[PDB]
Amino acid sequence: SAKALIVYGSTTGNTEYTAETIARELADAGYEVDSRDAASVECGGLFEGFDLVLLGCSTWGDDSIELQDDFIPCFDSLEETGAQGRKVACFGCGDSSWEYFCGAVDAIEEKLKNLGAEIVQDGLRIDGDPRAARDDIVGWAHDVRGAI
């Protein structure tokens, strides 16, 4: 039960760094971690074979909440990923200047719940430079593991 998948959408590298930091925490704890940029993934059956799935996505949109571009395809086809009964947790980078702070996390969590996933922890929301939030990221990964 030690297979973890991380799929992230990141344009300026912040959610990518966050994914790398989570991946190391899980691997140190004994998980076999498969980290993938959402740009590279196929949506059909994406979660197959994984005991834990972590989804990272930054938030965009001129005057609406939009997901990072590379994440949109598998969000649109999230019902084909194998999320039913899957343990999942979400993370994302954003900027609290925006009212809908890390709103992509809300959109992904709400759809996952409809699709029957088990959300193992409330999503991690990072403001600004994620390197300045490293302790929060490591602690969240620790807490996700402890809620399995």
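Note that residue numbering begins at 1 and tracks the sequence as displayed.
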Check the entry's C-alpha temperature factors for 51-59 and 108-116, then say which stretch has the higher mean.
-> 108-116
Quick one: say whether 24-32 or 87-95 has the higher mean Cα B-factor in the deposited entry.
-> 24-32
Which third, lowest, middle or highest, does the CA B-factor of residue 144 fall in along this chain?
-> middle
Residue 16's Cα B-factor: lowest, middle or highest third of the chain?
-> lowest
Ranked by Cα temperature factor within the chain, is residue 66 in the lowest third, the middle third or the highest third?
-> middle
